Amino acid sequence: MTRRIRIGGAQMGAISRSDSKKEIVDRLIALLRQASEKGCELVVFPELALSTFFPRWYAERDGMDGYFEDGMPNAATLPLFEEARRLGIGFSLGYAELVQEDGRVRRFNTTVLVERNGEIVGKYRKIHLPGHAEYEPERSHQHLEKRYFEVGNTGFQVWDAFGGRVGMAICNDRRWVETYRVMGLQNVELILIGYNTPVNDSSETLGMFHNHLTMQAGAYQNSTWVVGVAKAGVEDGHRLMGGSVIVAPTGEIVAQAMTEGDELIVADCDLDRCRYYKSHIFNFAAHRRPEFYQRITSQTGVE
């Protein structure tokens, strides 16, 4: 039980534009307290868990800083940090980051990792921005993530936290094998992923299949734990995919959400279970041959 962490996937429900930020934080604290009642030491929150999924609406490139966060924590997010530190629970929180760097105002899709002591240990900014940069009228639903966010400047990092090696990814990062492998080359043992995946009105069994296939594969082919937490439900007429999951280093699903609202899935994850395949099957130092992978970093498209 030394390197055994009890993780709580805190899947969220829909957040409408009418919902105040205090109503959002109180739902997070409620999910946070449900994790403490079940003995969870880590609770994973979805992507942009402090606002509605606003990339679905059109505005100026600056005209949506109202959903961003002033600080981390700020006056609205401080009760969540004070609650987590009180119950001795660490958490990963996704939010839209508004920060002043080298004069200009920069915007990132950001997840922050907080230790059980309440100290910010790591910060990841989204790399693979989905959607399109400008308005497209023929599509039923819009997706303007590239319009409101710029590419993060942190890279896929792995920190020493919770008695092991923990990394973070955001949403459609989970669809790229490079996301898992880069952190896998840092001896990662637990990858935290929050995602907001829309669903086109009228299949869905294929969308849920692709959601778990990429995580179950990235977990097995890197012998690491993967926790995928979603913000689901019908959000102002836009349905968001659910299926929050916790995956073992064997690629097996040990916990899965059943609703599209505020739901908590928990699982006891032995970090020493990440050692089986690293010992032999997926021993990177032994079998891997980087001299044939040069196309991965040399080019971007096809040749």
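All residue numbers refer to positions in the sequence shown, first residue = 1.
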Using the B-factors recorded in the PDB entry, average over the C-alpha atoms of 130-138 and of 93-101, then report which stretch comes out higher.
130-138
Higher of the two mean Cα B-factors (33-41, 242-250; per PDB record) comes from 33-41
Say you rank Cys269, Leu50, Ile265, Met64 by Cα B-factor from the PDB entry; which sits at the top?
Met64
Is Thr205 in the lowest, middle or highest third of its chain when residues are ranked by C-alpha B-factor?
highest
Taking only the Cα B-factors deposited for this chain, tell me whether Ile5 sits in the lowest, middle or highest third.
middle
Per the entry's values, where does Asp173 land by CA temperature factor relative to the rest of its chain, in the lowest, middle or highest third?
lowest
Ordered by C-alpha B-factor within the chain, which third holds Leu190? Give me lowest, middle or highest, please.
lowest
Tertile call for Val199 (CA temperature factor, within chain, third-based) is the highest
